[PDB]
Amino acid sequence: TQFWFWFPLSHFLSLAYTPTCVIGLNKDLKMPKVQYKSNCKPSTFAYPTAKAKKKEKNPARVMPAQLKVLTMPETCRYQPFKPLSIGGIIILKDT
Amino acid sequence: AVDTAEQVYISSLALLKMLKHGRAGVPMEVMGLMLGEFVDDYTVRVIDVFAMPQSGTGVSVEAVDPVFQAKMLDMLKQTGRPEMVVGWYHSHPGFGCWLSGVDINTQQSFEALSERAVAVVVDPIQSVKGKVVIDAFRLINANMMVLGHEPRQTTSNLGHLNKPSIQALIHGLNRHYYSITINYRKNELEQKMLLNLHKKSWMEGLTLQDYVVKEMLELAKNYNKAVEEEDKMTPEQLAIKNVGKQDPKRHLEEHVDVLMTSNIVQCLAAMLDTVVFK
Ligand SMILES: [Zn+2]
């Protein structure tokens, strides 16, 4: 807020940096291969559509608004047992 | 090397001789000396301010008598607190209180004596009650033009003090100088009685003392009637009619609200009959 009293307070803005993401990992150390569609264009993915491709856990990005438009793949061997609505790491069941 | 923006803690006792000794030299400019303690690089306190002889021939660096301070410091030892000297100040009542040609010549002399030697100016004229006015500055070395010329870290205490920027010639002295932040370390013990001593002396002296009858209302009725027609012609002047005259124009104020409070003065002063008596 005020770093003009002490300059380290401007370098204490380093506290505002925190990691956040979503994960499609099934379980344990095994990394599944899963690709599911998304209805949002790459224009949101650009960092200066029919179907998209998301990981397949490294995971893939999603916007909080893009969580509702994505649907779990029905043709994949690995399908989630829990309904997928919001982000975060969720379980993925192998068929 | 490392230079941090300084914060000046002034005592309510040190604020006295700044304006008071400055008032004694009015109109002419005075030369004082600041008294305080150096805590660290980024903060500084002035715990006392004393009066120095005013120069009727103009301010000079020799106006400060060294045996005047040597006899003063000895009298400060028998006084409660014998604190070491810090810096200097001077009044400039005749203008906007900026560092003059003599003030820069006494800078390198005083900054050789003491490390900082903060330059402090003060003026009576800019306001009376509700403004800090005064002034302060600190010499940034012109030999540093080879090095980085933009101190200090922790900026806006300067940057905000750099507002309003106070015209041109004042900040025209921002070359070779930089001002310093003045905040008040709490004296509120004294500051609480400062309000109590001021307002109680201003409240009817006992609050009792203060607590042209019909005639004051016969003089008021001329303001409550004869002023009405010159006020109530304006709505007939608002009727054009209609409409060739430039609009809008609002004549409602200030007489309406004045006559309101005029009754508020007369009603509660007439309540003194019901209030004081029984
Ligand atoms: Zn001067």
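Chain B is numbered as in Swiss-Prot, which gives 24-234, 244-310 for the residues shown.
Structure determined by electron microscopy, 5.8 Å.
From the backbone N, Cα and C atoms, a Cβ is placed for every residue, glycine too.
The Zn(2+) binding site annotation in Swiss-Prot covers B:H113, B:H115, B:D126 and rests on sequence analysis. According to DSSP, B:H115 (Zn(2+) binding site) sits in a coil region rather than a helix or strand.
Per Swiss-Prot, domain 'MPN' is recorded for B:31-166, and the stated evidence type is sequence analysis.
The phosphoserine annotation in Swiss-Prot covers B:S150 (among others). B:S150 (phosphoserine) carries neither a helix nor a strand DSSP state and counts as coil. In the structure as shown, the Cβ atom of B:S150 (phosphoserine) sits within 10 Å of 10 other Cβ atoms.
Classification of B:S224 (phosphoserine) by DSSP places it within a helix. For B:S224 (phosphoserine), the Cβ neighbour count at a 10 Å cut-off comes to 9, with all displayed protein chains included. Look at Swiss-Prot and you will find B:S224 (among others) tagged as phosphoserine, backed by a large-scale study or a structure entry.
For B:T266 (phosphothreonine), the same-chain residues lying six or more positions away in sequence with a CB closer than 8 A to its CB are B:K281, B:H283. Per Swiss-Prot, the feature phosphothreonine maps to B:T266.
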Additional residues surrounding Zn(2+), by Cβ distance to the B:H113, B:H115, B:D126 centre under 8 Å: B:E52, B:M54, B:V82, B:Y112, B:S114, B:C120, B:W121, B:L122, B:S123, B:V125, B:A142, B:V144
DSSP-assigned states of the domain 'MPN' (B:31-166) in counts, ordered helix, strand, coil: 44 helix, 31 strand, 61 coil
Of B:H113, B:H115 (the binding-site residues), the residue whose Cβ has the fewest other Cβ atoms within 10 Å: B:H115
Rounded Cα-Cα span from B:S150 (phosphoserine) to B:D126 (Zn(2+) binding site), Å: 24
Candidate nearest B:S150 (phosphoserine) in space, where candidates are the recorded positions B:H113, B:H115, B:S224 and distance is Cα-Cα: B:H115
Those recorded positions in B:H113, B:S150, B:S224 whose CB falls under 6 A of ligand 1, listed in sequence order: B:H113
